[PDB]
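The chain below stands alone and is given as structure tokens, in the form deposited in one PDB entry.
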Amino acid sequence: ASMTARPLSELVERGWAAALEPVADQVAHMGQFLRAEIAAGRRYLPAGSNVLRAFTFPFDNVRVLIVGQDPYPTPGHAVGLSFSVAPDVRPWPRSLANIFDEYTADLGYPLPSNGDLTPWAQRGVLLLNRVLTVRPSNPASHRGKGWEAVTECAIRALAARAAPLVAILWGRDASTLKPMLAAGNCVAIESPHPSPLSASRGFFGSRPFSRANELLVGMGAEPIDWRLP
């Protein structure tokens, strides 16, 4: 699963491998960056085999994109799908608790049983971050190190598809993708990030899930079934 050693066709789903062809060298460079970090004595999250995990769900099937900032900084939380945690993790990360608070407020569903968001990924929600790795315990430590070109390419490719797309952009770094979503087949929702530092500035009450579904059906697409166990 090494980004430095193997090509996109062997790392990600077929549609994604084609979509990310323009950043093939950049992805290899990121693998070399992570190698250099480890040689220097610094770690990264998520685990190497999970870094590109969002791109293992089919490119063609994406209907909604959620974009955050960067992975969870606590070892054992980040799994390569933004905001998700393994089903045995608890307490939940604070931003996930905030996401779930808004989920219940918006949709009226019960609080989820755990923090595993794979059902969303399986239903065509792409769970991206603007930056795909972080040093443990150091939020935003890999900002500006080369991932932004990769996630820009992902968005640009999604937007070029002959398909509707609704994007939910959480926070400042995610919102730098908005210009790439300007085409008529794409709509973006942006809000403050669900982190405690920002959530009270406009994440709570933002109702992104029902808004995304209104947007999807307005484009002639089926809505996301957001319901989690």
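Between two forms, the rigid core is the largest collection of C-alphas that superpose within 1.5 Å. Shifts are known only where both forms have a C-alpha. Numbering starts at 1 and follows the sequence shown.
Legend: mean Cα B-factor per stretch from the PDB entry, 191-199 versus 174-182; the higher mean is in 174-182. Relative to its counterpart among 128-136 and 108-116, 108-116 has the higher mean temperature factor, C-alpha atoms as listed in the PDB entry. In the PDB entry, the Cα temperature factor peaks, among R90, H142, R94, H77, at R90. The PDB entry gives the largest Cα B-factor of the residues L52, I38, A167, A163 to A163. Sort the modelled residues of the chain by CA B factor and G218 lands in the highest third. In this PDB entry, the Cα temperature factor of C153 sits in the bottom third of its chain's modelled residues, the lowest group. Per the deposited record, the Cα B-factor of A86 falls in the middle third when ranked against the other modelled residues of its chain. For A47, the recorded CA temperature factor ranks within the highest third of the chain's modelled residues. Per-chain ranking of the deposited C-alpha B factor places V64 in the lowest third.
Not pictured, yet referred to below: the form deposited in another entry.
Comparing the forms between the shown form and the other one on their rigid core, the Cα displacement of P194 reaches 2 Å or more.
A displacement of 2 angstroms or greater separates the C-alpha positions of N185 between the shown form and the other one, with the rigid core held in common. In the other entry, the Cα positions of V134 and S191 lie at least 3 Å farther from each other than in the form displayed.
Relative to this form, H142 and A188 separate from one another in the other entry, with their C-alpha atoms ending up at least 3 Å farther apart.
Shifted stretches between the shown form and the other one, defined as 3+ consecutive common residues each with a CA displacement of 2 angstroms or more after rigid core fitting, are limited to 183-201.
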